[PDB]
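Chains ja, ba and gb, in that order, give the protein sequences.
Okay, so the first sequence: first residue is 2 according to the entry's author numbering, each after it adds one.
Okay, so the second sequence: first residue is 9 according to the entry's author numbering, each after it adds one.
Numbering (the entry's author numbering) for the third sequence: 1 to 119, 185 to 216.
All residues carry an ideal CB built from backbone N, CA and C; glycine is no exception.
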Amino acid sequence: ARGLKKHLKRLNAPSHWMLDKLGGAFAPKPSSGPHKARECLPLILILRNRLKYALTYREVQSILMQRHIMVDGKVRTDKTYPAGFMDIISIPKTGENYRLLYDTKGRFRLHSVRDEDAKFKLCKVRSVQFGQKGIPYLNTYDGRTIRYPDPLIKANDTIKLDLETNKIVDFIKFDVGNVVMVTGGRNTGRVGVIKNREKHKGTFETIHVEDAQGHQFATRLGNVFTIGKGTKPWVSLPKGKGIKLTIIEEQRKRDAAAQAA
Amino acid sequence: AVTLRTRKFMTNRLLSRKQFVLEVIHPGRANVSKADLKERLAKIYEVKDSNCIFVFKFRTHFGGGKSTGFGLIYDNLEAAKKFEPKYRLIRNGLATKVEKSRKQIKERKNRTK
Amino acid sequence: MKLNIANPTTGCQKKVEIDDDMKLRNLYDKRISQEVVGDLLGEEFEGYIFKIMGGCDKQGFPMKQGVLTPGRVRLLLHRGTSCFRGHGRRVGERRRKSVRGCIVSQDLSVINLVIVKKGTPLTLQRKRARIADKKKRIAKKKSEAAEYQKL
RNA sequence: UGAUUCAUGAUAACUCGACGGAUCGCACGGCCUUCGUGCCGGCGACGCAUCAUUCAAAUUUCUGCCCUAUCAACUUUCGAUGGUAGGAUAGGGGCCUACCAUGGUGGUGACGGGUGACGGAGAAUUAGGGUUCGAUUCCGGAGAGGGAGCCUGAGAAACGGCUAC
RNA sequence: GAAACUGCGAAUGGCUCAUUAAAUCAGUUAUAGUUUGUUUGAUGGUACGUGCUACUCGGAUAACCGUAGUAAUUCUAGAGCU
Ligand SMILES: [Mg+2]
Ligand SMILES: [Mg+2]
Ligand SMILES: [Mg+2]
Ligand SMILES: [Mg+2]
Ligand SMILES: [Mg+2]
Ligand SMILES: [Mg+2]
Ligand SMILES: [Mg+2]
Ligand SMILES: [Mg+2]
Ligand SMILES: [Mg+2]
Ligand SMILES: [Mg+2]
Numbered sequence: 002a003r004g005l006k007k008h009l010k011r012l013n014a015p016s017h018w019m020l021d022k023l024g025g026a027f028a029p030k031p032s033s034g035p036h037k038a039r040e041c042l043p044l045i046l047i048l049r050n051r052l053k054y055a056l057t058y059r060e061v062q063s064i065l066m067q068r069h070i071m072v073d074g075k076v077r078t079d080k081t082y083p084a085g086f087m088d089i090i091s092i093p094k095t096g097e098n099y100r101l102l103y104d105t106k107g108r109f110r111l112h113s114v115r116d117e118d119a120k121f122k123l124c125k126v127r128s129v130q131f132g133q134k135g136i137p138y139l140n141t142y143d144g145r146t147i148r149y150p151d152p153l154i155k156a157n158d159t160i161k162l163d164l165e166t167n168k169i170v171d172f173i174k175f176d177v178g179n180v181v182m183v184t185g186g187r188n189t190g191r192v193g194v195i196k197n198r199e200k201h202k203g204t205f206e207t208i209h210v211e212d213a214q215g216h217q218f219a220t221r222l223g224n225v226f227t228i229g230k231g232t233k234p235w236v237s238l239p240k241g242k243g244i245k246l247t248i249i250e251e252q253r254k255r256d257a258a259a260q261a262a
Numbered sequence: 009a010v011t012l013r014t015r016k017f018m019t020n021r022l023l024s025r026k027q028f029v030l031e032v033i034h035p036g037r038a039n040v041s042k043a044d045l046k047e048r049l050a051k052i053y054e055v056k057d058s059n060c061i062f063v064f065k066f067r068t069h070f071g072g073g074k075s076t077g078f079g080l081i082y083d084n085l086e087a088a089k090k091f092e093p094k095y096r097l098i099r100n101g102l103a104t105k106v107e108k109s110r111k112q113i114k115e116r117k118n119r120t121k
Numbered sequence: 001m002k003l004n005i006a007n008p009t010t011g012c013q014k015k016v017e018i019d020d021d022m023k024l025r026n027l028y029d030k031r032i033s034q035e036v037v038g039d040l041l042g043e044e045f046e047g048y049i050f051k052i053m054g055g056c057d058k059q060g061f062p063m064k065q066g067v068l069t070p071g072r073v074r075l076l077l078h079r080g081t082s083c084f085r086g087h088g089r090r091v092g093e094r095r096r097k098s099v100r101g102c103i104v105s106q107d108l109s110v111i112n113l114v115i116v117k118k119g185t186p187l188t189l190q191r192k193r194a195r196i197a198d199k200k201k202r203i204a205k206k207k208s209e210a211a212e213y214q215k216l
């Protein structure tokens, strides 16, 4: 190709969008933004698909041009805007607030939060280093660059960021013994506790994690995102508290729930 | 005797209306016309104006005596004019239509000045 | 063979005809923008000094300055200049066009010549807004560099 | 950082510096110093430069491809393999130039030839193992009658752009 | 508000499978070997003043108006404005 591609064909769209294969030839093609477009959830799907607030393409545009939807504290009128993990979507007109979090099956879910727990987010640091005139600054994994961080915050750690003041308010030091929610691979959605980290010089670091219900698993460093200090997490969990289960467990769940109805 | 029975029904303040699935039952009838559906719906939802009501995508289930479709109740005439497509308003009688002819629709206008 | 006459100093223009040999000896073998004495064009032109610049020929090809040959050259010339004014033509586009040379000769049809000689509050608010932001940028600096300085 | 003369800072100079807002919308609304659109001051639009991010590309490592030996040597002066210094490029690199060395591939099939050969995801038949197919809607590549050269632009060697044959 | 200048886009999409057999391509790497309009976050002094808190405002072109050429074309020349 002689340049950038602007269409996303529906069969090539991410599998966790759950777009149906006969519903057209194209998919929304998330615009560039603070998330990598293969791990984001555009606003078209948040409004039209999940929340069923709109029935068509153009209805979503009619919603956005009216400045209702607010993403992480600012009003975003772009229709394919790449909202992502741990963002907040707010509709003040309905006074309703959602944190984007994973479910155990690896798909984004809009977990309702309160207005208290919507003025802040958590963000993992990509790196820390100096800038022009010796000023230190840190990178997040969603584009944000903060200058003059606490000189302790190192790479791969977590920070709490108030949306009002837009500065840090606390942080978690990435290390063994903290709760972490996996954001990639087959284990995405599963929360757990860091039990082991094994280094490998020249390759990816691997993390070994143990769920609260005992199930043990592992991932690589880039796919782990600490939530809280100690066993208690700092943010709300969705319908399942990040606990993966076998297919037989949910078969039992359906049939056992089929006797009360 | 026809009945009306709406489901999956939710009021949104973003587009200032309420959406629902109509599941009219008409034992003995062929099907319910959308105008009569409009009228009947007005007197369960008391709309003061039977022009903000829209119905579409009706199926008439195999075997008869049952029809489903989608229903929109607005709260203004203004909201229905901004939040509804033109052809739907034309169907409800709030607008008028035009046509096209594609040669010289732009082609020879390109080339004079 | 024909000549469009105009004067900007008043704003007039009209075209006239000549087919006399000796009437056009000092018309030929001379270039665009070259001053020509009106004495040869006739007795009706003394005091007038004519400035010849432009005027196409048969087939409607103009002249270009700098092609010193009464020929029909083929130049690859950029869009927007004289003799090529292509519209709907993709900035960066060039054409090889046919044009006649600068030196007036017999092969030309019509000459164009002229007559050298006849015989607020808003802006101020915007400016002070920009200034009031330039100041608070360094206000923010001295605030934010120092909160980190004492640590 | 697995790893850097790293990030980054100081210093001495340099450049005929791409740059560092002469722009546009509604809203009004505190208060006099000439009480003078008066001192202000907001919410936005567009635009300049740097870093990071995102959208990507370009090069790139390892392993893997059908038939043919009635195709056993092939490449190398003229770049073939490597070295040094350059030039060019967005950048690595014989990419190209100068000089120097004599290498490099090959019965584990090089080089050549055929392909009615774009590659893959896949398709048909399938006890198992297999055999054959894959122009075609998804991914990657390539082309726009055949070659070649370009301008514009962040991005094209573009063809519903240009120039030449 | 038409037209017109300015900006942007037209390098995506669509079609085809000719050339191409370590080539493309697939899984897997690398950039400490680079470019990246745009999105998003952060950021921005000194232009000369002998650095002692800023120092003035250009001409010219379309749309228009008008005289033409050529058999001809979003082929084209000259003049008056802004
Ligand atoms: Mg294409
Ligand atoms: Mg898009
Ligand atoms: Mg060398
Ligand atoms: Mg070199
Ligand atoms: Mg072929
Ligand atoms: Mg074929
Ligand atoms: Mg294709
Ligand atoms: Mg091409
Ligand atoms: Mg053909
Ligand atoms: Mg071409």
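Asked: Closer than 8 Å is the cut-off here; do at least three beta carbon pairs connect the region 65–82 of chain gb with the region 10–22 of chain gb?; Found: no
Asked: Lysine 97 (chain gb) lies in the alpha helix (DSSP H); which residues open and close that run?; Found: Run containing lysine 97 (chain gb): none in the alpha helix (DSSP H); it sits in the beta strand (DSSP E), 94–100.
Asked: Say whether chain ja places a C-beta atom closer than 8 Å to the C-beta of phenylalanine 91 (chain ba).; Found: yes
Asked: Is the beta carbon of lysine 30 (chain gb) closer than 8 Å to that of residue 180 (chain gb)?; Found: The model of chain gb omits the segment between 119 and 185, and residue 180 (chain gb) is among the residues lacking coordinates.
Asked: Using only CA atoms, which one of ja:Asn140, ja:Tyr142 and ja:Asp116 lies nearest to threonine 95 (chain ja)?; Found: ja:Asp116
Asked: For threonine 78 (chain ja), is the beta carbon positioned less than 7 Å from some heavy atom of ligand 2?; Found: no
Asked: Cβ of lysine 75 (chain ja) versus every heavy atom of ligand 2: is any distance shorter than 7 Å?; Found: no
Asked: To the nearest angstrom, how far is it from the Cα of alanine 213 (chain ja) to the Cα of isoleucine 92 (chain ja)?; Found: 34 Å
Asked: So the beta strand (DSSP E) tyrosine 99 (chain ja) belongs to, where does it begin and stop?; Found: 97–103
Asked: If we count the other Cβ atoms within 10 Å of its Cβ and call it buried at 16 or more, is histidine 87 (chain gb) buried or exposed?; Found: exposed
Asked: State yes or no: is the beta carbon of residue 128 (chain ba) nearer than 8 Å to at least one beta carbon in chain ja?; Found: The structure shown does not extend to residue 128 (chain ba), since chain ba is modelled only from 9 through 121, so no value can be given for it.
Asked: Given a cut-off of 8 Å on the beta-carbon distance, is the pair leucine 85 (chain ba) and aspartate 44 (chain ba) in contact?; Found: no
Asked: Going by alpha carbons, who is nearest to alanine 38 (chain ba) out of ba:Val10, ba:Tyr53, ba:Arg25 and ba:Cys60?; Found: ba:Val10
Asked: Under 8 Å by Cβ, that's how I've got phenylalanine 121 (chain ja) and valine 170 (chain ja) pegged, so tell me the actual separation to the nearest angstrom.; Found: 7 Å
Asked: Please classify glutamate 92 (chain ba) as buried or exposed, where buried requires at least 16 neighbouring CB atoms within 10 angstroms.; Found: buried
Asked: Using a cut-off of 9 Å between C-beta atoms, extract the partners of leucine 113 (chain gb) located in chain ja.; Found: What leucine 113 (chain gb) touches in chain ja: nothing, since even the nearest Cβ is about 50 Å away.
Asked: Under 6 Å Cβ to Cβ from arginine 221 (chain ja), same chain only, skipping five residues before and after it: list those, please.; Found: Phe205 and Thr207
Asked: Is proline 31 (chain ja) near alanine 38 (chain ja), with beta carbons less than 8 Å apart?; Found: yes
Asked: In three-state terms, what does DSSP make of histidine 17 (chain ja)?; Found: helix
Asked: To the nearest angstrom, how far is the alpha carbon of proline 239 (chain ja) from that of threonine 189 (chain ja)?; Found: 13 Å
Asked: Residues of chain ba with CB closer than 8 Å to the CB of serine 63 (chain ja), please, in chain order.; Found: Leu23, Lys90 and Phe91
Asked: Short check: CB of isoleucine 70 (chain ja) to CB of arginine 59 (chain ja), under 8 Å?; Found: no
Asked: So with Cβ pairs under 8 Å, would you call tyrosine 149 (chain ja) a contact of chain gb?; Found: yes
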